[PDB]
């Protein structure tokens, strides 16, 4: 399988663009940035609001836990390649502690409101607007030969007063090389695409489109997360209960894949459930026919059949967002 778009971007840019292991970091000055308060954390870092002591502007400081040189350079080189792109978080500086050699990445500040508190507030229009802004970022990174591999609401910072949106957490982003087999242990469980769950390794940018699909389903149906599985086998079961098993079987056969025997058994046999079956009184102001047609063209077992980020931006669901931009 190969990407249907931007397949050869890396193939014929100069090697330096994608050979992240040859990167040499230019270190800034640690004393330029002071920690103000803790704001978040992950398996790989603790994250602080900071201050730049020169201009007194806010920033974000990501203090990394011990990490292998290869891994960190992949993250840096990706951030540097994409810095300046629409709605990509800007990496402004990279510094380190002298004694411990502990690195910190310094980013622009976004005054985020936690999605679990923010999303219930959004209007139908705001949902279309923020999803369009996210699409701009995905088409951009895809066009530069990079898969993000971890799209989910936790990784999308939004200053709602400024109506600004940044895609963050590039810790799992990778360069796309046609026919390469990738590790399927990427993304976060509720947002993993069926190609990850059935061990199809030569995936591509379309993985991100599934994850965006899950986030969008969660927003319009007010069911977070939309596919609530407990481990990776159960995650494919939860998807098959909605998309139905006939379509799963077409996909596996098209790509010559045999599910593990016990996985076959947990999956069973299920009818496809129409998307209207999730509508209820609380969400009905969000589940209109353009929303469902758009969702249905992202949540497809077959990665090659999903909309590209560029085609998604043109879908009639976004027309008023485009009109306002054309002003």
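Residue numbers count along the first chain shown, from 1. Here the rigid core means the biggest group of C-alpha atoms that line up within 1.5 Å when the two forms are laid on top of each other.
- Root mean square Cα distance to the shown form, taken over structures and residues in 4 other deposited structures of this protein after a core fit, is higher for 95-103 when 135-143 and 95-103 are compared.
- After a core fit, the C-alpha atoms in 4 other deposited structures of this protein lie farther on average from the shown form in one of 67-75 and 215-223, namely 67-75.
- Relative to one another, 193-201 and 145-153 have unequal mean CA B-factors, and 193-201 is the one with the higher figure.
- For the pair 80-88 and 244-252, the mean Cα B-factor is higher in 244-252.
- Comparing the listed residues 75, 224, 234, 93, the entry records the largest Cα B-factor for 224.
- Ranking 59, 292, 266, 39 by Cα temperature factor from the entry places 266 first.
- Residue-level temperature factors show residue 65 in the middle third of its chain, judged at the C-alpha atom.
- When the CA B factors of the chain's modelled residues are split into thirds, the value for residue 208 lands in the lowest one.
- Placement of the Cα temperature factor of residue 219 within the chain: middle third of the modelled residues, per the deposited record.
- When the CA B factors of the chain's modelled residues are split into thirds, the value for residue 55 lands in the highest one.
- When all modelled residues of the chain are sorted by CA temperature factor, residue 133 is found within the middle third.
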